[PDB]
Structures are given as C-alpha cells and as structure tokens.
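Take a look at the structure below.
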Amino acid sequence: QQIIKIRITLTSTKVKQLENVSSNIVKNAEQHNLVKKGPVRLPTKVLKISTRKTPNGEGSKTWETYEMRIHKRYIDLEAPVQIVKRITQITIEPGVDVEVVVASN
Amino acid sequence: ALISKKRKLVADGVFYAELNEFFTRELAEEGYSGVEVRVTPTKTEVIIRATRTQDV
Amino acid sequence: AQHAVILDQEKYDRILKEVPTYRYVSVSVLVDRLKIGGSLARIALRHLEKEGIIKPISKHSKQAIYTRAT
Amino acid sequence: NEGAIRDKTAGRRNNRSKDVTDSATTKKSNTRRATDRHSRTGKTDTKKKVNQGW
Amino acid sequence: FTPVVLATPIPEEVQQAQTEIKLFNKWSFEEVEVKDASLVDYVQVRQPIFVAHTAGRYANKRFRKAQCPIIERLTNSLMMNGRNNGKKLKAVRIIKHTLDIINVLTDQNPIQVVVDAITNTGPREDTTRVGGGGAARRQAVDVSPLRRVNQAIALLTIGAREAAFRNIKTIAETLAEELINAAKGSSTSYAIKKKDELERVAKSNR
Amino acid sequence: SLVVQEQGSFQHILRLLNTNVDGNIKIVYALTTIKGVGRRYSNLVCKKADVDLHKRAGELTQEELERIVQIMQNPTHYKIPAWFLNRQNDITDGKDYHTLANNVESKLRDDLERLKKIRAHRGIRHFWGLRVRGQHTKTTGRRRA
Amino acid sequence: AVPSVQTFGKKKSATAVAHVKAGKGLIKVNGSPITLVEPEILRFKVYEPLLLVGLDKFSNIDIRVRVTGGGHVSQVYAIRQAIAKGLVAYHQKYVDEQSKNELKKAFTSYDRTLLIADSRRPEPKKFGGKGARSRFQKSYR
Amino acid sequence: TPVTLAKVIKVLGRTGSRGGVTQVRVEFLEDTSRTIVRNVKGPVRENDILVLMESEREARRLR
Amino acid sequence: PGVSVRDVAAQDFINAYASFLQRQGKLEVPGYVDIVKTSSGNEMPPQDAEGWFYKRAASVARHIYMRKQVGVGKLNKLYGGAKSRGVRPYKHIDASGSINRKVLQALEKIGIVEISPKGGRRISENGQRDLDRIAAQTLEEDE
Amino acid sequence: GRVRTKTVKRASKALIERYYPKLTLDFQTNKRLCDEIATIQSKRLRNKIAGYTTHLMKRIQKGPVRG
RNA sequence: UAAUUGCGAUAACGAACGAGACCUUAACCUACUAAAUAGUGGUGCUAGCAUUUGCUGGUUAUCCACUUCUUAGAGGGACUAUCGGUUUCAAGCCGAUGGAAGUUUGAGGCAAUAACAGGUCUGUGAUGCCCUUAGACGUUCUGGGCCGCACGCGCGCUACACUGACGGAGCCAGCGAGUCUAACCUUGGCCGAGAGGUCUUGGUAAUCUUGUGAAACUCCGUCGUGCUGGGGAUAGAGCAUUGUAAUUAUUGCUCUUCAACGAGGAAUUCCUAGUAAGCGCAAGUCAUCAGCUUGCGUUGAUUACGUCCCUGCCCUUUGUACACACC
Ligand SMILES: CN[C@@H]1[C@@H](O)[C@@H](O[C@@H]2[C@@H](O)[C@H](O[C@H]3O[C@H]([C@@H](C)O)[C@@H](O)[C@H](O)[C@H]3N)[C@@H](N)C[C@H]2N)OC[C@]1(C)O
Ligand SMILES: [Mg+2]
Ligand SMILES: [Mg+2]
Ligand SMILES: [Mg+2]
Ligand SMILES: [Mg+2]
Ligand SMILES: [Mg+2]
Ligand SMILES: [Mg+2]
Ligand SMILES: [Mg+2]
Ligand SMILES: [Mg+2]
Ligand SMILES: [Mg+2]
Ligand SMILES: [Mg+2]
Ligand SMILES: [Mg+2]
Ligand SMILES: [Mg+2]
Ligand SMILES: [Mg+2]
Ligand SMILES: [Mg+2]
Ligand SMILES: [Mg+2]
Ligand SMILES: [Mg+2]
Ligand SMILES: [Mg+2]
Ligand SMILES: [Mg+2]
Ligand SMILES: [Mg+2]
Ligand SMILES: [Mg+2]
Ligand SMILES: [Mg+2]
Ligand SMILES: [Mg+2]
Ligand SMILES: [Mg+2]
Ligand SMILES: [Mg+2]
Ligand SMILES: [Mg+2]
Ligand SMILES: [Mg+2]
Ligand SMILES: [Mg+2]
Ligand SMILES: [Mg+2]
C-alpha cells in the first residue's frame with residue numbers, strides 16, 4: 017500500500033450510465049475515506065452530421081442533422097495499489113469508457 | 003491504438019452496426035433479435051439476443 | 036480637370052477676403068466657392084487656421100466645420 | 057493545329073456572322089404528361105389475380 | 020457645479036454638463052417643443068439622451084415605436100440602402116455632424132430644428148387605391164399622426180441621401196440643408212415638395 | 002501641408018514618352034496614363050527619382066522630369082527589384098525589361114504571334130478570338146467582338 | 003479583506019466582469035481607464051451609469067471591469083450594465099438599503115436596461131436560405 | 005388656410021379591399037360637441053389628434 | 002502620479018512614439034522599405050513613404066507590451082486585412098512576414114524587445130522603461 | 002395564442018369537483034397541491050393544469066360556472 | 001385559436017389516433033455537489049512607471065482561500081401569474097405592473113388517414129422481368145470527353161463609388177475540426193516583396209494550434225467628382241504550391257493590360273426583431289480547387305400587428321350521366 021495519486025477519466029454517450037458510475041465511484045471512495053477531486057465535468061461535445069434526406073437530387077432540399085453526444089468526466093484520487101485494482105476491475109459498465117492513469121503527464 | 007476520443011466513440015458505433023448486420027444475415031433462421039456489446043478488462047463480450055439459441 | 040487645381044494668387048487673395056460671411060466652411064463649401072478642389076481646399080482649411088478666421092467647432096476626416104472669427 | 061489555324065470557316069467572326077437557329081430559344085415543352093394516368097401497358101389486371109394475391 | 024476627482028480623472032467639460040444637465044452630445048433637451056398640436060406623444064423629446072445609440076426593444080409591440088427617442092428614429096432611417104444597412108456607428112456620427120451644422124446656421128437648438136422639419140413634413144391627408152369600380156379612383160384620407168412622422172422621417176432622409184449621391188457635398192451637409200429648408204418650409208427641400216404633392220392630389224380627388 | 006503661390010512657371014499638359022500627361026493631378030497618377038505604368042510602378046519611380054509626390058504633375062521641374070523617364074526605361078540600374086517588372090526572362094535574350102508605352106502593344110503582338118507562328122493551341126485560341134484562360138465559354142461573353 | 007462585490011453584464015455574447023471594491027475611485031476597463039474605451043461615439047454610453055447617479059458616489063470604491071465576447075458595440079453595452087449592476091450590489095451589502103433602491107430607481111427610471119440583461123439572442127439559420135427568416139429565391143419557370 | 009384639429013374618440017373598423025384604411029369617429033377640439041367620421045391612412049389608436057384639411061366632409065364605405 | 006501606456010489613447014501614443022523613433026535615428030529600416038507593400042492583400046505600398054516603419058514598429062512595441070509574448074505569426078494575422086479577390090468575395094489574408102519580423106529584429110537590436118521563453122517576443126524591461134516614459138510625455142503635452 | 006387543451010381543462014374540472022376545499026385563488030399553493038394529490042408527467046403540464054384550476058377557482062367565488 | 005384549440009349551441013353522450021403533451025436546443029438561478037483541462041481574489045518571486053501608499057504587467061503550483069464569471073450533473077422557475085379593461089357576460093383577447101422570460105417564451109425534432117403512375121434500378125451484395133456476357137454492356141490500362149460556343153433561360157459573385165476607395169492606425173466573435181504505420185491541426189525561430197521555404201515545437205485535444213487578434217466596423221490622413229485614385233473583365237511576362245500527370249491555362253503571388261457597368265424595361269423573389277440587410281468564420285466536399293452548401297456569431301434598421309384586391313389553399317353549400325373519379 018502506497019499513495020499513488022490517481023486520475024480516472026469517464027467518457028460515455030449515456031448520461032444516466034455515466035453519472036451512475038461516477039457518483040458510484042464518488043461515494044464508494046469517500047465513504048472509504050480518501051482524498052478526492054470529485055467529478056469534474058468536461059464540456060460535452062456534440063458531434064454533428066448534416067445530410068440531405070432524399071437519396072437522389074429531386075424534391076425540395078431537405079437537410080437533416082444527426083448528432084452524437086459525448087460526455088466526458090474525470091475524477092482524481094489518491095489511494096494505495098489495492099483499492100485501485102479493486103475499484104477499477106469492478107464498477108464496470110457497458111457504454112461507459114473508464115480510464116485510470118497514475119501520472120500528471 | 004491511440005485514437006481520438008471522438009473517432010473512437012464513432013468507431014464503436016460503427017462496430018455495433020456491422021456486427022448487428024452480420025448477425026441479422028447469419029442468424030435470421032434462428033430468430034436473431036439484436037445484440038449488445040459489453041467491453042470488459044481482458045475480454046469483449048458479445049450478447050446475441052435470439053429466439054432460438056440452441057441452433058446458435 | 037474642370038478647374039481650380041492649384042493657386043492663382045488672385046484666388047489666394049480671393050479666399051482671405053471672401054471668407055468672412057461664411058457661417059460654415061468645409062471642403063464642400065470651399066469648392067462651392069467655384070474654386071479649389073478637395074486637395075488644396077483642405078490645405079486652405081489648415082492655412083486659414085494659421086491665424087484668425089476659421090474657428091473649429093468640429094473634428095475629423097469627411098465632416099469639417101468652422102465659423103467666422105470674433 | 058497547323059490545320060486548325062489554316063482553317064478559315066472557323067473562329068468567332070465566322071460564328072458571329074451566322075444566324076442563330078430557332079431550336080435554341082424554344083422550350084422543351086415536356087410532352088406526354090397529359091397521358092400520365094393512362095397506362096401504356098395496354099394489359100391491366102383481373103379481379104381474379106387481385107384476389108388470389110391480396 | 021462642485022467638481023470632484025478620484026483616482027482616474029474624468030475631465031472638465033465632461034464632468035461639467037454631465038452631472039448637471041441631461042443634455043445631448045451637447046445640446047439642450049430643455050426648451051425644444053413640438054410646434055404642432057397632435058405630433059406630441061409621437062415626438063419624443065424628454066426623455067433626454069447623450070448619444071443616439073440604444074439597445075431599445077421598440078419593435079415588440081405595435082405603438083411602442085412612438086416612444087423611441089425622435090433623433091434616434093432619424094439616425095435609424097439614416098442607415099439603409101443596401102451597403103449602409105447596419106452601420107449605426109456610421110449614421111450616428113453623421114447625426115452629431117448635421118446637428119453641429121444646423122446650429123451653425125441660425126443658432127436654434129438643432130434638436131428643435133429637426134422637430135420642425137419633422138412636423139412640417141408630415142402630410143395631413145393622402146390618397147389610397149380604391150376600386151371605385153373598374154379603373155381605380157382614389158379616395159382621399161386623413162393620415163394618422165404616427166404615419167405623418169414616419170413618412171416625414173423617411174422623406175427627409177431619402178431626400179438627403181438621394182441628394183448627397185454623386186456630388187462633393189457630404190451626407191451630414193445635405194442632411195442639414197434639407198432639415199433646415201423643411202424646418203420652415205421653403206419648398207426648396209425634397210420633403211416639403213412631396214408633402215405638398217401628396218396633399219395636392221388629396222384635395223383634387225376628394 | 003501649406004498654401005503655395007508660384008507663378009506661370011507650372012505648365013499643364015506636358016508630354017512624355019510620346020504620350021500626353023494631364024497636369025493638375027498628383028504626378029503619380031499622371032505618369033500612369035502611359036502604357037506600361039500602373040499605380041505601383043509610378044509610385045516606385047517617383048520615390049526613386051527623389052520627387053515630392055505632394056506636388057501635382059504641374060510644378061515638377063523639367064530636370065525632375067528627365068530623371069523620372071531615365072529611371073523608367075532603366076529600372077534595374079536605379080534599383081527596381083526586377084520582380085516589379087512586367088517583362089522578365091525574355092524568351093529570346095532573357096534579359097529583364099519594363100516595356101513601356103507605344104511599345105507595350107508591340108511586344109504584346111510579338112508574343113501572340115509566337116504562339117500563332119508556333120502552332121501553339123493557346124495561339125489558335127487568340128487567332129479565333131476566343132477566351133484563352135480556359136474559362137467556360139458556353140455562358141459568358143455574348144456581347145463579344 | 004476589503005469590502006468587495008463582483009457583478010457582470012451581458013449583451014448578445016459579450017460578458018463583462020466588474021470588480022467593485024473599497025477604493026479611491028479608480029475606474030478602469032480591462033487595462034484601460036474608462037476615459038478611452040473607443041468606439042468613442044458611444045463613449046457616453048459607458049459614462050452614463052456614473053452621471054446618472056452623480057459623479058461623486060464612486061470615491062469610496064475602486065472599479066475594475068474586463069470584457070470578453072461580442073463585438074465592439076456588444077462589449078460597450080455589457081460593461082455599462084456591469085458597472086451599474088456592481089454599484090447597486092455594493093450599496094446592497096455594505097451601505098443601507100434605502101440608498102441602493104434610490105440608485106436602482108435612478109437607473110430603471112432612465113434605464114437602457116442598465117440593471118436588466120437584454121435577452122435578445124441570435125436565431126438559428128434553417129435550411130433553404132442564408133438567414134433565419136430569409137429564404138433563398140425561386141424562379142417558378 | 006383652415007386647419008381643423010380632431011381627436012379620435014373611437015375605433016370603428018378597417019375598410020377597403022386592401023384593408024389599409026381605418027374608420028374613426030373624432031371629436032374636433034376647438035368647439036367640441038359635434039361628431040364626424042373620417043378615414044385614416046396610417047395606424048391609429050384612441051385619442052390620436054387628426055388634421056382635417058377640410059372641416060366638413062365625411063365618408064362611409066371604401067372598396 | 003504614475004503612468005503606464007494603457008493610460009494613453011492608442012494613436013497619439015503610437016504617433017508620438019513613431020515621431021520619437023523618427024527623431025531617434027536608431028532604427029534599422031531594411032531598405033526594401035518603400036519598394037514594398039506590407040501585405041500580399043494590399044493594393045498600394047504605404048502612404049507615409051519615409052516613415053511608416055517607425056509607425057509599425059511603434060505599434061508592434063505597444064502590442065507586445067500589453068500581452069505576454071507574440072510571435073511573427075500573430076503579427077501577420079493582426080496586421081492583415083481584407084484582400085479584394087476582385088469579382089470574387091473578400092477573404093481575410095495574413096500580411097507579409099518579412100515586414101513584421103525585421104520590425105522585431107529591429108526592436109530587439111534597439112533593446113526595446115527581447116526573445117521570450119515560451120516563444121514569440123516579449124517586452125524588454127528597458128522597453129517598459131522607455132514606453133511608460135514617452136507615454137508620460139504624451140499626457141505632458143496635454144497638461 | 003394561449004388556449005388550454007382539453008386534457009388541461011378536463012383535469013382542472015376533475016380537480017375542483019372533488020378537491021374544492023383546499024384549492025384557493027393562489028396559483029402557487031395550488032401548484033404544490035397538485036404534486037401531492039395528482040400524478041402528472043411533466044413540470045410544464047402540471048403547471049398548466051394548476052394555473053387553470055386557479056382561474057376556474059378564481060371566478061367560482063364570483064358564482065357558479067358550467068361543467 | 002397556431003389547431004375538429006376550446007367555449008357555446010345541441011339527439012346526442014362519452015372517448016381514441018393526429019394538434020397539444022412529449023423530446024432537443026437557446027434565454028434566468030449570490031443557493032446543490034465540484035473543478036492546474038474553467039477562472040477569481042490573497043500571498044510570495046518579480047518588471048516598469050511614477051509615486052511616503054498607488055497603477056500596470058510578469059510568474060504550470062510557491063502556497064492559502066473562493067465558485068461571481070467559464071463547464072454539466074441533479075433540481076427550481078411561467079401557469080399568460082397579479083391587477084384592470086373587454087366580451088355570449090363564456091373559452092379568449094387587448095393593457096399594465098412585475099419578471100430572466102408573457103408572439104405555442106424564442107427555435108426546432110417528432111408527426112394521423114390518404115394521395116402521386118412525383119423522384120430514385122446512377123447509394124446499396126435491395127429486387128422481378130428484359131438485355132449482355134469473351135471482337136463483353138464484365139473489368140483494367142493508355143489518351144481525350146463531361147469545361148467543348150452564333151445564342152436562349154435559372155441560382156449567384158463582383159460593381160457603378162465621397163454612408164466611398166486607397167494608406168496607416170485602432171481592434172471584437174461564435175459554431176467548428178485536427179495525426180500511427182503517419183504526415184492531421186500547427187504556435188514559435190530564421191530565409192523570402194510575395195506567394196512560399198526551412199529548423200524546431202504543443203496538441204488523439206476545455207490541456208496545443210486558439211483570445212482561431214475574422215470581416216464589416218472605429219479613428220488620422222491621401223484622393224476630390226473627373227468611366228477618377230470608382231470598377232476589375234480581358235490579356236502578357238515572371239515567381240511559387242498540390243499532384244504520376246497543371247497543355248484546354250487546379251490554386252497562389254508580383255508587375256503590366258484597365259472592358260462592360262453613371263442604379264437596370266416588361267417582370268419577379270425573400271422578408272416583421274436581434275428579424276431584414278451588410279460582414280466574415282468554421283464545417284461539408286477535399287491531394288489541390290468555393291463565386292456552393294450546412295451552421296455560426298459580428299454590425300443591425302425602415303414598415304405592417306391589417307385585409308381578402310391579386311395569388312394559393314382549406315372549409316361549407318350546390319350540380320353531375322364522373323367512381324380507371326376531369327389525365
Ligand atoms: C497550404 N497547403 C495546405 C493548405 O491549403 C491547407 O489545406 C487544408 C486541407 O488539407 C483540409 O483538409 C481536411 O482534411 C481533414 C480530413 C480528416 O479529411 C479534415 O478533418 C479537415 O477539415 C482538413 N484538415 C481542408 N478541409 C482545408 C484546407 N485549408 O492546410 C494544409 C496545407 C497542407 O498546409
Ligand atoms: Mg456625396
Ligand atoms: Mg497605363
Ligand atoms: Mg486584422
Ligand atoms: Mg486593419
Ligand atoms: Mg472587389
Ligand atoms: Mg395525441
Ligand atoms: Mg499575483
Ligand atoms: Mg456559478
Ligand atoms: Mg380579467
Ligand atoms: Mg413518371
Ligand atoms: Mg434506389
Ligand atoms: Mg437491374
Ligand atoms: Mg445494379
Ligand atoms: Mg448520380
Ligand atoms: Mg440511369
Ligand atoms: Mg452513394
Ligand atoms: Mg435495403
Ligand atoms: Mg431553363
Ligand atoms: Mg436551389
Ligand atoms: Mg479603411
Ligand atoms: Mg480554453
Ligand atoms: Mg473564444
Ligand atoms: Mg480607372
Ligand atoms: Mg479599383
Ligand atoms: Mg476541379
Ligand atoms: Mg453543392
Ligand atoms: Mg382578422
Ligand atoms: Mg376535359
């Protein structure tokens with residue numbers, strides 16, 4: 017056990033599934049008494065695509081715009097090596113992309 | 003590896019589609035109703051939801 | 036090319052003696068005196084501010100304004 | 057190209073001096089759109105084959 | 020006026036008028052009255068303002084247009100004809116210029132002088148297109164007070180702009196000549212002429 | 002800048018380079034009614050001839066007028082960059098020329114005639130009087146010759 | 003810790019942050035004194051909030067503002083809203099209330115919105131034309 | 005020249021094929037206590053003050 | 002009282018400072034000056050002829066003084082402007098680099114600007130000396 | 002224009018009918034009343050109901066209304 | 001009423017799809033939980049002015065504090081509320097005050113029954129039938145063509161200038177997007193009149209490019225009404241960039257050449273508020289090429305708050321020999 021100064025990055029398209037896992041990480045750690053920079057939310061990027069609806073060129077020009085919403089979150093902890101490998105192999109979610117790094121760079 | 007977060011997330015939804023298709027073509031006679039992919043450590047898990055699993 | 040591009044000392048003398056009575060002078064009003072074009076009409080707006088005559092009450096490029104001295 | 061410039065009967069002057077034909081100005085006018093709801097199959101169908109099918 | 024300073028100084032004439040009188044670029048909103056009955060409540064003049072810009076929302080309700088400060092309406096109609104749309108900085112600068120010309124000739128708070136050119140240039144009665152059967156005849160009609168101000172504004176501006184086109188004279192100059200000539204109507208102004216010809220064709224067809 | 006006075010010393014419409022030049026305009030736009038002199042090349046030679054540009058074409062001492070010309074025909078000697086020049090890398094002697102005035106039309110023709118005498122397509126295009134730069138001829142240019 | 007309040011004002015996309023603290027009466031915007039500002043026709047629009055409540059009024063307070071967003075004019079409407087707003091905020095939390103409400107009364111009576119953010123916001127362009135309302139053009143035939 | 009000033013006392017309706025005219029009853033100001041129905045051009049609300057070029061004349065319909 | 006250059010309106014500053022570097026005679030004007038334009042997106046060279054290098058450098062210094070550090074690249078986009086494509090719409094374009102660079106390399110060898118860390122150029126401390134000096138002078142003419 | 006859809010005026014009708022006690026001429030309290038007493042799927046819709054039951058209540062005090 | 005939206009009339013009563021509701025996005029939250037990938041004040045370290053103090057910077061951690069401003073979770077807020085007008089004495093409507101906001105708050109996504117021989121077999125490894133299938137209508141390669149020019153038409157771009165061009169100088173956005181077998185976004189440094197070149201560098205990105213220091217615009221001057229310094233078509237000569245390949249000139253740059261156009265006939269398009277109009281930017285195309293599109297913000301008005309005259313459509317009634325429904 018040594019205090020490793022950790023940075024976790026949560027990124028997903030599903031808000032409920034993202035803030036579930038984030039708030040889950042926030043209470044599971046802080047009931048368990050560590051040093052936390054809580055969920056720090058990053059500007060949700062909206063990736064847009066603009067298309068004509070019709071497959072061919074006939075008809076009035078109807079444009080449609082699809083979008084995909086990417087929400088990104090990051091949580092800073094300092095823990096020992098044991099609660100990191102435990103908290104990060106569990107809390108696994110489909111659709112949430114969890115990233116755990118040790119370093120500032 | 004080392005892809006943008008953006009391109010990654012759009013690359014993930016491209017994957018689901020191609021798989022969704024492949025299973026709709028392959029398993030049609032088995033009653034394939036759709037898929038979901040859970041990415042884990044060490045594995046990636048593919049769940050076929052189909053009405054006759056024994057021919058799967 | 037129509038006229039009034041240079042000096043013609045009579046027109047110098049015309050200017051000094053003809054610009055009282057002008058409650059407003061500008062680059063327009065100085066060509067409307069059947070006289071110099073906007074290049075030397077400006078010049079005269081300077082040289083009439085050399086001493087006496089024109090009191091600036093306005094500012095800048097395009098619109099200029101002056102009144103007679105008191 | 058040696059043939060190209062040696063050719064009179066060419067160029068802008070010789071085009072400028074020709075009359076423009078009528079077929080240019082005129083509209084395409086469509087056609088046939090009167091007849092649109094009248095099938096040219098000349099066949100039609102049968103109450104039998106519409107009930108066997110549907 | 021009891022001057023006061025503090026760390027970053029606010030200058031002499033700046034301080035002076037400022038706290039004291041609410042007046043214009045500098046021009047008196049006191050005095051300056053509307054020479055015509057009606058036309059008040061449709062010519063603004065108190066509340067006083069400093070420069071002709073505003074964020075004003077006058078376009079959301081029918082008659083709030085009237086409450087817009089009169090000079091600002093004028094500089095409003097100044098910025099238009101294509102290229103000159105937007106560009107209120109341009110048009111406001113001209114208004115300060117023309118009023119400095121207006122006062123230059125015949126004193127007379129230039130704000131008052133436009134109040135007159137706007138009151139004299141509203142046509143009292145006009146004509147409309149009524150069928151009258153077949154070939155359309157024209158029923159003479161008494162024009163509303165607001166309209167009388169609108170048209171007044173547009174006419175003067177349109178004239179000045181049309182007038183300033185393609186000659187050495189400057190927009191601020193020609194804005195003044197017209198304003199003055201229409202202030203006490205000379206019929207040497209493009210507005211006075213066309214206020215009188217709408218009322219002349221209004222007398223004939225009545 | 003100042004009011005000036007002079008005398009009958011200034012003469013309007015002086016002629017140079019076989020062309021005629023309005024006086025009573027500012028001296029730079031005067032030298033440009035010649036063929037081969039645009040606003041830039043005017044502006045550089047005047048600065049190179051040590052001449053006050055605030056002057057009109059009028060005052061402009063005759064000696065000032067012979068330096069203006071000398072510089073014009075010999076730009077590389079008085080140090081004009083030779084990218085500033087209309088005609089570089091001759092295609093026969095490969096010197097760098099500023100071709101001027103009544104000669105501008107001459108060199109133009111010879112250029113054209115080369116493309117023509119050579120059977121160049123670009124030549125054929127001038128010779129039929131059409132657009133050489135490639136542009137769509139189907140629509141534009143119907144008032145034509 | 004000196005008495006300090008911090009306010010803002012908005013016009014379109016322009017936001018201007020105003021620090022109003024206890025000071026000797028400096029008024030500067032961004033890096034520069036309130037006396038430049040240079041649209042310069044609109045110079046009085048930024049003078050306005052002072053000379054509406056009286057010039058004095060500011061000598062027990064330092065005034066700093068910094069602006070980002072919008073254009074040359076948009077910013078000018080935001081700093082005047084952020085200067086007016088901050089004055090009432092100060093007299094809110096430091097001087098008495100009847101004085102603050104005599105400051106708002108002196109503004110809101112004159113307004114130009116000094117205390118109230120103008121909600122006008124750009125409309126979305128919709129396909130079929132260059133602007134939000136204005137459609138392209140048609141020829142029929 | 006006989007200018008006559010008249011205050012709008014009621015809004016009536018819009019007339020004309022185009023509908024760009026408004027029927028109005030006024031009470032003219034000097035020596036009130038007589039009523040006339042005139043036709044307006046621009047927009048009018050109650051209490052507006054109208055300049056009648058000709059004192060007595062009035063209309064009804066418009067096409 | 003105290004003074005910084007942010008106490009003086011932009012133009013009278015950069016003018017008095019231009020006239021100051023004109024008087025000065027410590028310059029390094031590259032000599033292609035006057036035979037040049039200052040943008041690929043400009044019609045004519047500048048109208049101040051002899052001068053205008055001291056106009057731009059004066060501005061350059063003023064710009065750099067305000068903010069942390071500014072490269073040649075930033076200067077280009079700044080000093081650039083609308084280029085008329087003729088019959089085609091207007092597009093913004095970067096001004097000429099050699100102008101503003103040798104404006105830096107001249108303000109360096111005059112000790113008014115220095116290479117910064119992080120990149121760019123940074124206002125020399127002898128620059129804030131001189132600048133906040135003539136910026137004092139300019140409200141001294143206005144006294 | 003501002004008109005209340007049937008599903009708004011049918012709820013309000015259904016409310017004042019059973020709940021006429023409580024249910025006063027103040028929207029705000031009436032608003033919260035709705036939350037406890039009724040299940041409505043959106044903030045917007047609920048307030049629409051409440052704000053109308055307020056109008057109806059408000060003129061009931063001035064004498065009965067049809068329906 | 002935006003609405004078969006409602007009131008009301010009532011042999012009907014009470015209801016369902018559609019409208020509404022709903023969802024997304026923009027406006028408001030001195031309070032919720034936080035942020036060296038967002039900033040603020042304090043304190044050190046420190047530069048410059050002047051000042052007995054004070055002003056302006058600089059500083060990736062040097063520490064301490066905070067969440068107004070920036071970010072996004074979850075809540076809250078408007079229901080046309082209060083009051084007054086106006087009406088069947090009704091749903092509603094106008095006005096006022098308040099308010100972030102009172103045009104369905106602004107803007108959209110979704111969208112009943114049906115209709116059409118509308119468009120699309122040139123998006124598809126969607127498809128019936130026909131056609132072809134080895135001298136191929138499969139496919140690849142080489143080279144042209146789709147750009148070809150007496151002319152007719154449509155969407156546009158630039159202009160006729162003095163509300164301007166040109167030269168300095170001032171100097172402000174928002175939506176965006178960016179690179180591993182790879183060459184993407186590119187700060188900075190030097191070379192170059194330019195265009196560009198070159199050595200490095202930060203960025204798989206709230207971290208770097210980027211405050212995308214955009215343009216219109218503001219100010220000080222030069223031009224001074226002259227097809228002019230408005231206008232830049234046409235054309236010559238040269239220098240660069242992409243690409244295997246630039247000729248019929250991909251694009252870019254410098255000199256030169258310097259047309260029509262002096263406000264557009266009959267006509268006809270679009271539009272009501274942060275709109276119209278001016279202005280640029282990013283994204284899509286994409287090696288290179290935007291006068292194009294999709295979005296964005298910057299400047300920011302005049303004039304309606306009506307009618308049924310025109311036109312278009314919906315709705316009653318009326319006639320019919322139509323029902324493959326006036327083709
Ligand atoms: C000066 N030469 C070129 C210069 O013209 C310019 O070209 C880009 C071009 O490469 C871009 O090509 C594009 O291709 C990628 C890719 C994922 O498809 C896009 O993400 C992105 O829009 C852009 N980088 C284009 N969209 C804009 C031009 N200005 O910038 C790149 C360059 C090599 O410096
Ligand atoms: Mg003019
Ligand atoms: Mg020439
Ligand atoms: Mg710029
Ligand atoms: Mg510029
Ligand atoms: Mg152009
Ligand atoms: Mg429904
Ligand atoms: Mg500090
Ligand atoms: Mg906050
Ligand atoms: Mg009521
Ligand atoms: Mg068909
Ligand atoms: Mg198809
Ligand atoms: Mg087929
Ligand atoms: Mg096929
Ligand atoms: Mg095709
Ligand atoms: Mg086909
Ligand atoms: Mg396709
Ligand atoms: Mg398919
Ligand atoms: Mg056609
Ligand atoms: Mg189209
Ligand atoms: Mg300019
Ligand atoms: Mg950032
Ligand atoms: Mg920004
Ligand atoms: Mg010309
Ligand atoms: Mg030109
Ligand atoms: Mg191409
Ligand atoms: Mg296209
Ligand atoms: Mg109606
Ligand atoms: Mg028939």
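Going down the list, the sequences are from chains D0, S3, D5, SM, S5, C8, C6, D8, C9 and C7.
FYI, the numbering for the first sequence is 17 to 121, going by the deposited numbering.
FYI, the numbering for the second sequence is 3 to 58, going by the deposited numbering.
FYI, the numbering for the third sequence is 36 to 105, going by the deposited numbering.
FYI, the numbering for the fourth sequence is 57 to 110, going by the deposited numbering.
FYI, the numbering for the fifth sequence is 20 to 225, going by the deposited numbering.
FYI, the numbering for the sixth sequence is 2 to 146, going by the deposited numbering.
FYI, the numbering for the seventh sequence is 3 to 143, going by the deposited numbering.
FYI, the numbering for the eighth sequence is 5 to 67, going by the deposited numbering.
FYI, the numbering for the ninth sequence is 2 to 144, going by the deposited numbering.
FYI, the numbering for the tenth sequence is 2 to 68, going by the deposited numbering.
Each residue gets a CB set at the ideal place from its N, CA and C atoms; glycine is no exception.
Annotation: the continuous alpha helix (DSSP H) that includes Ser223 (chain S5) extends over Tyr209 to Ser223.
Look at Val66 (chain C7) here: in three-state DSSP terms it is coil, with no helix or strand label.
Within 8 Å of the CB of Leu57 (chain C6), the CB atoms of chain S5 belong to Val23, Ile29, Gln34, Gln37 and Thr38, in sequence order along the chain. Counted as a single uninterrupted DSSP element, the stretch harbouring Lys69 (chain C9) is not any beta strand (DSSP E), since DSSP gives it neither H nor E. A residue is called buried once 16 or more other Cβ atoms fall within 10 Å of its Cβ, and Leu101 (chain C8) is buried on that count.
Short of 8 Å from the beta carbon of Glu28 (chain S3), and not among the five residues preceding or following it, lie these beta carbons of its own chain, in chain order: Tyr34.
In this structure, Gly82 (chain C9) has its CB closer than 7 Å to one or more heavy atoms of ligand 5. Distances between the C-beta of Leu79 (chain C9) and the heavy atoms of ligand 4 include at least one below 7 Å. Non-local C-beta neighbours of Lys74 (chain SM) in its own chain, meaning closer than 6 Å and more than five positions away in sequence, are absent.
Counting the other CB atoms within 10 Å of its CB gives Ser39 (chain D0) a total below 16, which places it among the exposed residues. With respect to chain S3, the C-beta atom of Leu63 (chain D0) has a partner C-beta closer than 8 Å. The C-alpha of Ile40 (chain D8) is placed about 29 Å away from the C-alpha of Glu52 (chain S5). At a cut-off of 7 Å, the beta-carbon of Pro71 (chain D0) counts as near ligand 12: some heavy atom of the ligand is closer than that.
Inclusion of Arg29 (chain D8) and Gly151 (chain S5) in the CB contact set at 8 Å is not warranted, their separation being larger than that value. About 5 Å separates the beta carbon of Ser57 (chain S5) from that of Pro164 (chain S5), a gap short enough to meet the 8 Å contact definition. Scanning chain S5 for C-beta atoms nearer than 7 Å to the C-beta of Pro41 (chain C6) yields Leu108, reported in chain order. Looking at the DSSP output, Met84 (chain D0) bridges to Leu63 (chain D0). The Cβ atoms of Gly11 (chain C6) and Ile65 (chain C6) lie no closer than 8 Å to each other.
Counting only Cβ-Cβ distances below 8 Å, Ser61 (chain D5) has contacts in chain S5 at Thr189 and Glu192, in chain order. Per DSSP, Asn103 (chain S5) is not a residue of any alpha helix (DSSP H), being assigned neither H nor E.
With a cutoff of 8 Å on beta-carbon distance, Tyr66 (chain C9) and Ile124 (chain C9) are scored as near each other. For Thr21 (chain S5), the closest of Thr38 (chain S5), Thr27 (chain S5) and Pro28 (chain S5) by C-alpha to C-alpha distance is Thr38 (chain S5).
Around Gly133 (chain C6), no beta-carbon contact reaches into chain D0 at under 9 Å, the shortest distance being about 15 Å. Listed by position along chain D0, the residues whose Cβ is nearer than 7 Å to that of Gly130 (chain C6) are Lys77. Taking a cut-off of 8 Å on C-beta distances, the stretch 106-119 of chain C8 does not touch the stretch 72-81 of chain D5, as fewer than three cross pairs fall below it.
Interface annotation, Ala90 (chain SM): not in contact with chain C8, CB-CB separation never under 8 Å.
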